[PDB]
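Take a look at the structure below.
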Amino acid sequence: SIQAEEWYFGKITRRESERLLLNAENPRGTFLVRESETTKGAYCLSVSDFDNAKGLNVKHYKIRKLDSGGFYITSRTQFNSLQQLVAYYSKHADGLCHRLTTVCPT
Ligand SMILES: CC(=O)N[C@@H](Cc1ccc(OCC(=O)O)c(P(=O)(O)O)c1)C(=O)N[C@H]1CCCCN(Cc2ccc(-c3ccccc3)cc2)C1=O
């Protein structure tokens with residue numbers, strides 16, 4: 001159950017996710033998963049990043065959920081659960097701004 005996950009923030013807005021992630025104390029890869037503001041049944045993986053060009057900034061990746069069961073950011077790489085997706089992207093940056101590291105503080 002995703003509701004049970006500490007990185008699942010459920011129904012918060014994109015702006016709020018940004019407010020929480022743009023904390024100077026957050027290293028690259030700080031993240032949270034939330035409901036998409038405008039797509040029923042899809043989620044957003046909000047991730048903090050940092051470089052000298054943009055400083056501290058946030059990237060939002062849409063996570064798709066198949067009726068056929070799979071979770072994915074890119075259809076080429078699917079998972080049986082949102083937990084497995086989160087675990088995979090904590091080890092591989094692949095197309096993300098940074099691999100997932102720590103859950104975002106409130
Ligand atoms: C409005 C905005 O910010 N758009 C996001 C997509 C997006 C994300 C969340 C979202 O939330 C709803 C909300 O704000 O509530 C909505 P909305 O519902 O607002 O329309 C739209 C975006 O464009 N992010 C970028 C992220 C950085 C990379 C470039 N890109 C394309 C891409 C390329 C490669 C990969 C990839 C990832 C991992 C491995 C392999 C490939 C992923 C994305 C994005 O999507």
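To be explicit about the labels: the chains of the structure tokens are called A, B, and onward in the order shown, and within each one the residues are counted from 1, while ligands get numbers from 1 in the order they are shown.
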Next item on the list: Please report, as a PyMOL selection string, each residue of chain A to which DSSP assigns strand (DSSP E or B) when run on this structure's backbone.
Entry: chain A and resi 8-10+31-35+43-51+55-65+71-72+78-79+103
For the selection you just gave me, I'd like the residues written to a file as a short mmCIF file (atom, residue, chain, number, x, y, z; two decimals), in the first residue's frame, keeping C-alpha atoms.
data_model
loop_
_atom_site.label_atom_id
_atom_site.label_comp_id
_atom_site.auth_asym_id
_atom_site.auth_seq_id
_atom_site.Cartn_x
_atom_site.Cartn_y
_atom_site.Cartn_z
CA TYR A 8 4.32 9.05 -0.44
CA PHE A 9 2.96 12.54 0.30
CA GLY A 10 -0.40 11.91 -1.33
CA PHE A 31 12.38 13.15 -3.25
CA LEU A 32 8.63 12.63 -2.62
CA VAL A 33 5.86 10.94 -4.66
CA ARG A 34 2.51 12.75 -4.84
CA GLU A 35 -0.75 12.57 -6.76
CA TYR A 43 1.58 10.25 -9.74
CA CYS A 44 4.46 12.65 -9.79
CA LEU A 45 7.93 11.91 -8.47
CA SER A 46 9.31 15.30 -7.37
CA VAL A 47 13.12 15.41 -7.04
CA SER A 48 15.61 17.96 -5.79
CA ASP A 49 18.72 18.68 -7.80
CA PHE A 50 21.62 21.06 -7.61
CA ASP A 51 24.29 22.34 -9.98
CA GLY A 55 21.63 26.15 -7.98
CA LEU A 56 19.04 24.19 -5.93
CA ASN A 57 16.07 23.31 -8.19
CA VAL A 58 13.21 20.73 -8.61
CA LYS A 59 12.27 18.26 -11.42
CA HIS A 60 8.87 16.56 -11.67
CA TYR A 61 8.56 13.18 -13.46
CA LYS A 62 5.11 11.75 -14.26
CA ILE A 63 4.69 8.13 -13.12
CA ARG A 64 2.17 6.15 -15.22
CA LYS A 65 0.18 3.25 -13.85
CA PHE A 71 4.28 1.39 -12.97
CA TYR A 72 6.71 3.45 -15.05
CA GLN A 78 8.28 -0.91 -15.88
CA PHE A 79 7.77 -2.18 -12.35
CA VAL A 103 12.82 11.19 1.56
#
Check: Quick one: residues within 8 Å of residue 37 in chain A, only C-alpha atoms counted, chain neighbours fewer than 2 positions away excluded, as an MDAnalysis selection string?
Finding: chainID A and resid 13:14 35 39
Now that the selection is made, can you save its residues with N, CA, C and O atoms as an mmCIF file, in the first residue's frame?
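Output (selection_37.cif):
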data_model
loop_
_atom_site.group_PDB
_atom_site.id
_atom_site.type_symbol
_atom_site.label_atom_id
_atom_site.label_comp_id
_atom_site.auth_asym_id
_atom_site.auth_seq_id
_atom_site.Cartn_x
_atom_site.Cartn_y
_atom_site.Cartn_z
ATOM 1 N N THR A 13 0.207 19.872 -3.519
ATOM 2 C CA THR A 13 0.332 20.479 -4.827
ATOM 3 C C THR A 13 1.805 20.485 -5.283
ATOM 4 O O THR A 13 2.759 20.249 -4.474
ATOM 5 N N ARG A 14 1.975 20.828 -6.563
ATOM 6 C CA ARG A 14 3.283 20.957 -7.148
ATOM 7 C C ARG A 14 4.050 22.055 -6.416
ATOM 8 O O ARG A 14 5.252 21.887 -6.088
ATOM 9 N N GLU A 35 0.247 12.728 -5.682
ATOM 10 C CA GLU A 35 -0.751 12.570 -6.755
ATOM 11 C C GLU A 35 -0.513 13.654 -7.801
ATOM 12 O O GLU A 35 -0.059 14.765 -7.440
ATOM 13 N N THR A 39 -3.926 14.595 -13.634
ATOM 14 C CA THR A 39 -4.157 13.320 -14.337
ATOM 15 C C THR A 39 -4.588 12.289 -13.331
ATOM 16 O O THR A 39 -3.776 11.830 -12.558
#
Notebook entry, point to check: Which is closer to residue 90 in chain A than all the others in A:102, A:17, A:38, A:26, using only C-alpha atoms?
Noted result: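 Comparing A:102, A:17, A:38, A:26 against residue 90 in chain A, the winner is A:102.
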Next item on the list: Pick out the closest residue to ligand 1 from this set: A:83, A:1, A:74, A:23. Count only C-alpha atoms and all ligand atoms.
Entry: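 Residue with the minimum atom-to-atom distance to ligand 1: A:74.
Using only C-alpha atoms and all ligand atoms, the smallest distance between any of A:36, A:52, A:75, A:101 and ligand 1 comes from A:36.
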Next item on the list: Go through A:20, A:87, A:42, A:12 and flag the residue nearest residue 66 in chain A, using only C-alpha atoms for the distances.
Entry: A:42
Next item on the list: Could you tell me how far CA of residue 85 in chain A lies from CA of residue 18 in chain A, in Å and to one decimal?
Entry: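 According to the coordinates, CA of residue 85 in chain A and CA of residue 18 in chain A are separated by 21.5 Å.
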Check: Tell me, which residues of range 63-99 of chain A carry DSSP helix (DSSP H, G or I), written as a list in words?
Finding: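 Of range 63-99 of chain A, the ones in helix (DSSP H, G or I) are residues 82, 83, 84, 85, 86, 87, 88 and 89 of chain A.
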Can you spit out the residues from that selection as a compact mmCIF listing (two decimals), in the first residue's frame, using N, CA, C and O atoms?
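Full text of out.txt as output:
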# COMPACT_ATOMS: atom_id res chain seq x y z
N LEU A 82 5.01 0.67 -7.14
CA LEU A 82 5.62 1.97 -7.02
C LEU A 82 6.87 1.83 -6.12
O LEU A 82 7.84 2.56 -6.28
N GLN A 83 6.87 0.87 -5.19
CA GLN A 83 7.99 0.67 -4.30
C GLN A 83 9.17 0.19 -5.08
O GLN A 83 10.30 0.66 -4.88
N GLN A 84 8.93 -0.74 -6.02
CA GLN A 84 10.04 -1.26 -6.83
C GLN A 84 10.63 -0.21 -7.76
O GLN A 84 11.86 -0.16 -7.99
N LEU A 85 9.74 0.66 -8.23
CA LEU A 85 10.16 1.78 -9.11
C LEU A 85 11.07 2.71 -8.27
O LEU A 85 12.16 3.03 -8.68
N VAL A 86 10.62 3.05 -7.07
CA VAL A 86 11.40 3.92 -6.18
C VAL A 86 12.73 3.24 -5.85
O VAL A 86 13.83 3.91 -5.96
N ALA A 87 12.70 1.92 -5.59
CA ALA A 87 13.97 1.22 -5.29
C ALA A 87 14.94 1.17 -6.50
O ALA A 87 16.20 1.40 -6.38
N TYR A 88 14.38 1.03 -7.70
CA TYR A 88 15.24 0.97 -8.85
C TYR A 88 15.92 2.32 -9.09
O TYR A 88 17.13 2.42 -9.37
N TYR A 89 15.13 3.39 -9.05
CA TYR A 89 15.68 4.75 -9.32
C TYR A 89 16.57 5.30 -8.17
O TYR A 89 17.03 6.38 -8.24
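With distances taken over only C-alpha atoms, A:105 is the one residue among A:80, A:69, A:100, A:105 lying closest to residue 6 in chain A.
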Margin query: Nearest residue to ligand 1 out of A:28, A:81, A:96, A:2, using only C-alpha atoms and all ligand atoms?
Written below: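 Distance minimum relative to ligand 1 lands on A:96.
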